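Read from first to last, the chains carry the letters A, B, C, D, E, F, G, H and I; within each, the first residue is number 1.
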Amino acid sequence: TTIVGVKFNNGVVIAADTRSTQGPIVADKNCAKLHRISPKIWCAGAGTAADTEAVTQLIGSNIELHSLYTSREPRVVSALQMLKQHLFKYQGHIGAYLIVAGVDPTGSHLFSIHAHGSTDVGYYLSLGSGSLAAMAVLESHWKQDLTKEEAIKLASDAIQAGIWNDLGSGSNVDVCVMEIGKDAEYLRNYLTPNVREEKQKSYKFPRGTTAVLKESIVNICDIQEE
Amino acid sequence: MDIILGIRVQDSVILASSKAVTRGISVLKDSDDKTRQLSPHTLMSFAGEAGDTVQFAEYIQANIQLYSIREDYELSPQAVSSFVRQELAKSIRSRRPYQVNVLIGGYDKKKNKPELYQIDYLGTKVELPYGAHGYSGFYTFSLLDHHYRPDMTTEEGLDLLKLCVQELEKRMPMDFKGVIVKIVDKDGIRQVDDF
Amino acid sequence: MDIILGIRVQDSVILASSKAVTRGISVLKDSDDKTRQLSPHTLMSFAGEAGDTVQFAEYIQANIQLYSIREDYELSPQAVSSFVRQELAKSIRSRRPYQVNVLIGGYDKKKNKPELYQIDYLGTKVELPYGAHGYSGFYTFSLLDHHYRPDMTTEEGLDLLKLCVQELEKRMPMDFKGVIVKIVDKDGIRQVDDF
Amino acid sequence: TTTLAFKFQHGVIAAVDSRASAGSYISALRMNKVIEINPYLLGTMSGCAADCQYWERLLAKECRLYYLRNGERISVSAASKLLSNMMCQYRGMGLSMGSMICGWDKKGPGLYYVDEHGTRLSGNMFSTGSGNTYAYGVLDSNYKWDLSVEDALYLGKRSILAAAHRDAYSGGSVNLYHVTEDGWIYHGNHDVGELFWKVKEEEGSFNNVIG
Amino acid sequence: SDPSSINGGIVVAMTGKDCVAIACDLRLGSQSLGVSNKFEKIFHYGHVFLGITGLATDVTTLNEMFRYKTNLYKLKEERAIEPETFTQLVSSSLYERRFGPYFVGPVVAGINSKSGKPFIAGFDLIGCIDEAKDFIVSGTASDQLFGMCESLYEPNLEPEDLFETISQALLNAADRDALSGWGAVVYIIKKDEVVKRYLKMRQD
Amino acid sequence: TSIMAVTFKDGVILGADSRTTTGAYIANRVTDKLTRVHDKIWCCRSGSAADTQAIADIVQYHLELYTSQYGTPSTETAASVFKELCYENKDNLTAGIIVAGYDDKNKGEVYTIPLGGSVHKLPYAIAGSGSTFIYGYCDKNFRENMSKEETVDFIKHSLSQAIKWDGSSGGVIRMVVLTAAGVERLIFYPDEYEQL
Amino acid sequence: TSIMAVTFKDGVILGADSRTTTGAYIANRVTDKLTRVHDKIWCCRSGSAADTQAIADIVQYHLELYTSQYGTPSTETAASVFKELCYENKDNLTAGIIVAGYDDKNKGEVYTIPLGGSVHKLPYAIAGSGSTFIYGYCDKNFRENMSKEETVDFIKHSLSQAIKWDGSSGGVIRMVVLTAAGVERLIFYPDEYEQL
Amino acid sequence: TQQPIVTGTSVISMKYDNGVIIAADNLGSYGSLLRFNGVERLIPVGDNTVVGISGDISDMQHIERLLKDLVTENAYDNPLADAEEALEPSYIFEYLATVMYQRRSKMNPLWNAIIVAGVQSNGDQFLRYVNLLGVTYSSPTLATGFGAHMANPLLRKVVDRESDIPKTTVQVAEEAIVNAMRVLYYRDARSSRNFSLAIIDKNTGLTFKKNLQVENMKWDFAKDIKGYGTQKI
Amino acid sequence: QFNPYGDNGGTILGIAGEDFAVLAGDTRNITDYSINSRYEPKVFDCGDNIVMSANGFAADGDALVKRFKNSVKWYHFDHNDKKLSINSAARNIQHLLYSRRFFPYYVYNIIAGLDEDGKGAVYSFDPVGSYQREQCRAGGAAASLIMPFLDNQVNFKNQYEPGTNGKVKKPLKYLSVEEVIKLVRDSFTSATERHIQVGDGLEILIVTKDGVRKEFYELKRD
């Protein structure tokens, strides 16, 4: 994975690539790494994919119940605190490395989270195998007082650096923009620079090519009347 | 222990199990019966780690006998095999798993059919016309693949079984001291005293 | 390989050696002769690691045959055994030692006496009335300790040897496929074709 | 692999499979595991493919030089021993080579088993490789000295089939050879997929398998 | 030693036009030894199909477990479970054993009875969902299946064309894997009819 | 990491670098290692960031609860809570913490809590991987009852040298001044401290 | 061990502690670590005493033979012989050597040869287990073209701190002054340097 | 077999329209200790080649001496040593690559990663990499160690493929290299601010720049960053 | 501890026609998760109408090719400029590989050309020297992805003739160079999608009686 988080004037943006890998093999070419904790709190995960999902769904569930209990909109520090205490408890065995970002009544926030339970604060962050390629871009082009449009550009450029230069990262760019006083906009497949070219040949077979021994109807319906 | 074989013919199931028991470098016994009757028409042979085999078999036996008394009814071989599988699948993730492989030969009185189930210590169940555990299959399955028919008589099943034992006795480095053979059919369980 | 036995009676030396050869889990041969004639009145049986046994035996055989031709004279069993021991004692501190245990049965024509020497792969030589290598002695020495006399005939030696093999066949977990028996006496070396 | 070879009245049969593996991956479907050393000498291959090819082709060099020096074909016994002596030099260095040296010489038909340990065994029947146990089962129950060339060829063919079926690391095709006093005779490549269905129908065997 | 490759096996699923297909080999082994050629790895709970590869005892155990759970779901909900919902149930059930997992590679296939939309999904042994549009692969010949599916597959195939594509993907992948084969089954699934076909293949 | 806390006439000053490494990669070059457990009780963290963050959060919870019941806690009391956590969980922790605080009664105090969970009250303390390189410098240049400006220069010069020689240390030099006047945060950038 | 060599206006001075340890036992508390390979080319040894003694003896042999044939060797030439031995036998050696010498042409020169067998010419060098604790101090206090008395004080203060913090260092401080005037040996006892 | 002791970090390089640029910092690290601060890791060979070396410094000094001796040996009985039969970048590289692969084949490697940058007789740009395993490759941009992970992505934005080389000027290429060196100083814990840069142009020849510093650094934003999550002060 | 081996990724593919042969390989060179080069040629014209590619550990691959090219040169010197036939080259390479039986060239080697009857030939090797002539072979990282596809599309495996239902196989009709190049490009495009070490570029060397011809095709760079 390559994932980034970038703060700007009136909010925060996160982005991610869309490749998932089983060693050197690409399992999914269009994976969704941008997860929702609450409507305006989104996280992006690297490391063990099942862990990033499970831990995100769990904290998102508890955040929702907390929000209902307190009659308040959830805060990013709450998600942060709940995540790190959960991860710390399992001593790195839950391999979830997350970038957590969001907007709440306190303002806009951007945190990184490691599997052992350590958290960091920043204006720009990167995680995953392509973090170094992405950080090179962020360190080159990031500045204070970015606009929304500049931050999305910087974020997607950082992901692209990972896509092209890191073998663990590839395919498309997903983005989520969280601006203060607005609904969060999830931009699934914001960029699509890796469309497979047309194949030279069609491998559609003649009907009857495959040898068959037996045929049978499968009863999927329930037991019938009469 | 080592070799346990099983074959399902037309109207019966035949189980052959070795007689040897070895401690250290000494063969302590050459007449050991590696089997337990679970019910009148269900027989289970077993092989695996020392001690665990008999303890597991007797534990299964007690549970099936308890069921029989409670319901005044004999469980089908399929039901017994599923119960045994679950116990082994439960066991493999325990603190100390029971290292036991079993064959369950039964005659289903409802369907009037013989049934042979092969279950390993992991809880891997398969219904088969003939089966074995450990290295036994490496020597015997080629013979069984060649000679086996589903309409075989009990006598033909025994002759094919003799050929399997003869091959084992020729090509195994291991002296397993012959086999005790038992037949499971509609009339129940009986032992072939001359083999 | 596994079992090699030796017994020195009144007027001869009898060597019994197993016939089995095993690769992996398969017995490749059940008629292997684990012995080499070093000279007309000297026989050496051997057991140890695969390959090393025959290579060592044939190397010894070549050296003794070379000596016989050079001097037009047969070395005494004692001289041959000492030569073999030195080669093994030389071998144990080599880069890759020859993992071979041997029995040397010979009839000394000068002294008119049978002689049995037991030598292990370390070069540990002992002259004995009866001997064995590996686990063979664990089963057989109690019988030999009980029944052995030095004035036994060749026929009585064979009968006591049969009893040793029967005990091995009963209490060893290992099927060694019977033994080839050879007799060394004043008239030379001959094989007992029915045993 | 599965290989076998056996002596009989009319010479020696040699049958091998053709599969090659690299873990669970089938790297080759059709590999020649027999080497034609000379018109009267064959060599089967089991173990490391490189070791089998290099050393048996080097054996053929040495067997050819024997003919030039002595004006006479090398015996099966001598050829098998040259090979076993090569194995004894690289003793413990990690070679993996199980082979049967089959041929016809003055003593009649000859068959020797030789492995990487320097083992050299004379015998009427041998089988090597991961599937040798399955082949032995069919061989032991059906082998006679009084076999006809036709029935003997089928036995070696059927014995490999047995192994190819059960052993995961044996299959592809069957290569048959028949060694006579006029030399060896190649009896073709037989796809196991096709052979299996054919044998199932004609013989009635493999009843448990559905087709 | 590796639990995911002791017994061997493969499962592949594909989407087509208003249809899905799921297929599996029939082999069960003990490493090199072939034990059964009738070990089907595809199960169905109503109209939702589940293929499971990996350790056979866990395959059997999970089938029994999801049968258990889908039967209770149906009694309480008064309707059959849908593929999307079942996929989450599989994921939840696998992750509850995060630190003592079932050594399996499940594959879900089915058609939503309400929307009519074809659905397939794959998981790792601990629940991570891979909701692919095109195809899902699992087993000891997953690398082989990826190569075949990626080259042979094209979108919006009709049921009888999809059958040929998935069959050839499985067959040729299995023939390059020692631990897969010994027969094969293909399920062709439409909104209200399901056909099951046993393929003829080499038995080595 | 390079961290230190120094007592002086008017109170105490905590100082730290801002580099966090994962091997040779700098995961964060603007880390804040000076963490607040109470209004005028701060700590410097070294070792496992997960462990030290988890500890400081628990300590902050204890001192917040202490305050609700018994009023403002002493710096010694804060160091005791750190110690109790670090000592009883020494088998599962890798934390080297310096505790520093200001009372009106006790004035500026510094406690260091190394790996084992022992506590040591000192006039000044240094810790972290970069501290090794400035033991000689700090010993030679430290004086008791320095002025604020002298103490700031002492920490700045010391951490400058630690950063210079230790690859695991670097970035900016953060400082926190604890006096009766209040809490003052300071920051010093590379171009300032590198030319010292 | 704590060793250093410092160039100054009139030449160069080598300095060292005198402690040799076998674990925590002090096997020798009056060791002479300043060893002569030529009249005005000396070295400071750190690491395996067996290895560094064997090397210095071989080097002394080479430079004695060099002198017989080609006249007085340079300090660079001496450092090259050390290097060649330390580099080519790096797998079987644990030697950290500082080479220091005086020419009339080149004046005072210092070369350090760490574990790998690399060579580094420097104005001054520090090495040994105790050197870690004085990197900051030595960097801050070193100046080029110091006087003899300034350089002696610099080494004395530096090694005093190394000894203070390093348990593997201690005893007396030995020094060797290399100038045109000749070769002067110095010694400083604990009661002198401890109170600095 | 050994382990590296005193080490040099990234060496970065790229092709441009008329030549090549190569750069490397002046640091010699001793584990986490930033021990030596005046180490030159770019070593010119003649006026047409610069060899940039990372990894073990003692092995670098050995290689430096091999190259110095290579120039000496090439001049022997060679009237055209400063002309047609002068050392080329490709000769120097292949020599080093031969040595590296031989040493790894004796299980006694030179623990280095080397980039040979230069301009050939015909004006062609030469840029090739070799390491302790004897592995060799060429690319429009090359970098060792951390530079591979952080510099290449930045340099490949300028020269993404072969056709971008004639479009890239020396000012743009140098600017990209200098920016990359700053990024490495931000993010590589075993790097230094001081570095050397060499340009080998087919027209202007070899320009060797020493005592360069990373400048225009962004640190101000650090003042605003407080705590690790919930802390406000 | 020093590991003398490495993995530079890549994948190669050799297909033999009736009167031609192709040897294709991707141009990407990698270590771990980094790209070294997007264009680093891997398939070489070794002379005498023979093409060669040693895939796996690049250093050992370059050394082997370099040695074989050298062997061809010395074959001309020693045997009166005689042409080295493809079968003779294959046997020669076996001995080059086995010379290192106990410290192997860690590469999967393929050579392609024409036999002495003018027909297309491909030979496949393992790291230690075992070789064989084949009609079709993929080697390297994505070999397991590509080979089953070639079994299906080149040798028509598991393909039967409609209407017969498994009774009659698909006949083994020969493939043209244009048809082969399509299978090569689709093989690598598919491998590039699902294998992270495969991509950037594809270089194909086609061998005919007329000589050796090259064709280059772009691949995805992610």
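To be clear about the criterion, contacts are C-beta pairs under 8 Å (C-beta built on N, C-alpha and C of every residue); 3 or more make two chains touch, one makes a residue touch a chain.
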item: Steps needed, at fewest, to go from subunit A to subunit G via touching chains; value: 2
item: Between H-I and A-E, the pair with more C-beta contacts; value: A-E
item: Per-chain CA centroid nearest to the all-protein CA mean; value: I
item: Where subunit C and subunit E are represented by their mean Cα positions, the distance between them in whole Å; value: 63
item: Chain centre separation in whole Å, for subunit D relative to subunit C (CA means); value: 34
item: Subunit B and subunit G: spacing of chain centres that average the CA atoms, whole Å; value: 81
item: Inter-centroid spacing, subunit D versus subunit B (mean Cα positions, whole Å); value: 36
item: Where subunit G touches two or more other chains, by residue; value: 132, 135
item: Residue list for subunit A, restricted to those that touch at least two other chains; value: 25, 84, 118-122, 132, 164-165, 199, 203, 205-207, 209-214
item: For subunit C, residues contacting two or more additional chains; value: 25-26
item: For the subunit D and subunit C complex, residues of the former touching the latter; value: 84, 87-88, 91-92, 98, 113, 115, 117-121, 123, 126-128, 132-133, 136
item: Complex contact set, residues of subunit C against subunit B; value: 20, 22, 25-27, 30, 135, 138, 169-175
item: Footprint of subunit I on subunit D - complex, ascending; value: 25, 28-29, 31-32, 48-54, 93-94
item: Complex contact set, residues of subunit E against subunit I; value: 143-144, 146-148, 150-152, 167-168, 171-173, 175-176, 200-201
item: Interface residues, subunit A side, partner subunit E - complex; value: 20, 22, 25, 27-28, 30-31, 48-51, 53-54, 93-94, 199, 202-207, 209-218, 220
